[PDB]
Every structure is written in C-alpha cells, then in structure tokens.
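Q: fold the following, please.
(2 chains, ligands or ions: 1)
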Amino acid sequence: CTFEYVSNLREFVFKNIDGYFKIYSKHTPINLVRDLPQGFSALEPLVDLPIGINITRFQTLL
Amino acid sequence: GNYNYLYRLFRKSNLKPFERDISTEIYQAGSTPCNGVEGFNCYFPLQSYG
Ligand SMILES: *[C@@H]1O[C@H](CO)[C@@H](O[C@@H]2O[C@H](CO)[C@@H](O)[C@H](O)[C@H]2NC(C)=O)[C@H](O)[C@H]1NC(C)=O
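A: Residues are numbered from 1 along each chain as shown, chains lettered A, B, ... in the order given. What follows is the structure:
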C-alpha cells in the first residue's frame, strides 16, 4: 500500500505517462435512455497519482 | 555480509521512467519451462548485495 486517499452523465479520461496516472473528470445532467447524447464538453483534470505501477488491463465495478 | 539489500538481475525489458517493479516471478533463462521452480536457467529475479 503505497497510497490511500479518502474524501446523469459522467466522463473520465485515464492515462499513464512515466508512471503518473492522470484522471480527468467531468459531470453533467442528461435526459436520454438510448446512448450518450450528442454534444461537446471539456473534461478538466482532477487527479494525478504517483503510482509508478504497470498497467495493461482494467475493469469497472457496479 | 549484509544481504538485506537486493537488486533485480533479470527482466524481459527495460524500465520506463519512475517505474517500480517488485515482482518475484521466476526468470526462465533457457528453453526449459520453470513452472515456478528455481534451478538451472530458472533464477530468482532478485540477488543480494554483498
Ligand atoms: C507491463 O506488463 C506487460 C505485461 O502485461 C508487459 O507487456 C508484455 O511484454 C512482453 C515482453 O516480451 C510480451 O511478451 C508480452 O506479450 C507483453 N504483454 C502485454 C499484455 O502487452 C509490458 O512490457 C510491461 N511494461 C512495463 C513498463 O513494465
């Protein structure tokens, strides 16, 4: 355990550059049940994590 | 002789910047599969400093 932190449409971007994990986020209300609505928005950065951990796979949890 | 400090002796590829690798997977230096068993051409990736 090298790190531990504790504190509609949601968009996230995950990138891993030089061992740094950048997570950009954005939220917005929506009214649609088919797919993601057509439109444009910007996803500001929210987290930079110094994991230095190899990444080749991920999996969501609901 | 203090052997508590270790160094990785084998790896399939070089590290990217600030990467951290603490794996202990047995490295197969030969054609014989190791199946997690150390031996000839089957090495523990870490080795102690003397
Ligand atoms: C991170 O780990 C992956 C393993 O999932 C490494 O990719 C493997 O590299 C070997 C090198 O010969 C290949 O034989 C495998 O096929 C690769 N696997 C995958 C899934 O790509 C990767 O090199 C590692 N990177 C770092 C920076 O540690």
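
Q: so for chain B, the centremost residue is which one?
A: Most central in chain B under C-alpha atoms, centre = their mean is residue B:45, positioned 0.8 Å from the mean C-alpha point.

Q: now swap in chain A and tell me
A: Most central in chain A (C-alpha atoms, centre = their mean) works out to residue A:12, at 3.1 Å.

Q: which strand or helix spans that one?
A: Element membership of residue A:12, judged by DSSP states H and E, is strand A:9-17.

Q: determine the number of other residues adjacent to residue 35.
A: You didn't pick a chain, so chain A it is. When neighbours are defined as other C-beta atoms under 10 Å in any protein chain shown, residue A:35 has 6 of them. All C-beta spots, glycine's among them, are computed from the backbone N, C-alpha and C.

Q: should've been chain B
A: 8.

Q: what does chain B have sitting close to chain A?
A: Chain B has residues B:16-21 near chain A, with proximity defined as C-beta under 8 Å from any C-beta of the partner chain.

Q: switch to 10 Å and redo it
A: B:15-23 (C-beta under 10 Å from any C-beta of the partner chain).

Q: and which of those is nearest to the ligand?
A: Within the residues of chain B next to chain A, the smallest distance to the ligand is 4.4 Å, found for residue B:16 (C-beta to the nearest ligand atom).

Q: right, and the closest one touches residue A:52 too?
A: Yes. Under the criterion of C-beta atoms under 10 Å, residue B:16 makes contact with residue A:52 at 9.2 Å.

Q: any residues in contact with both of these two?
A: Common contact partners of residue B:16 and residue A:52 (C-beta atoms under 10 Å, 6 or more residues apart in numbering or on different chains): A:16, A:18-19.

Q: now do the same contact list for the closest residue to residue A:18 other than its chain neighbours.
A: Nearest residue to residue A:18 in three dimensions, chain neighbours excluded: residue B:17, at 4.5 Å (C-beta to C-beta, 6 or more residues apart in numbering or on different chains). Counting by C-beta under 10 Å, 6+ apart, residue B:17 touches A:17-20, A:52.

Q: burial check on the nearest residue to residue A:14 once chain neighbours are set aside, number of neighbours?
A: Among residues not flanking residue A:14 along the chain, residue A:23 sits closest, at 5.8 Å (C-beta to C-beta, 6+ apart). Counted with other C-beta under 10 Å, residues neighbouring residue A:23 total 14.

Q: good, wrapping up.
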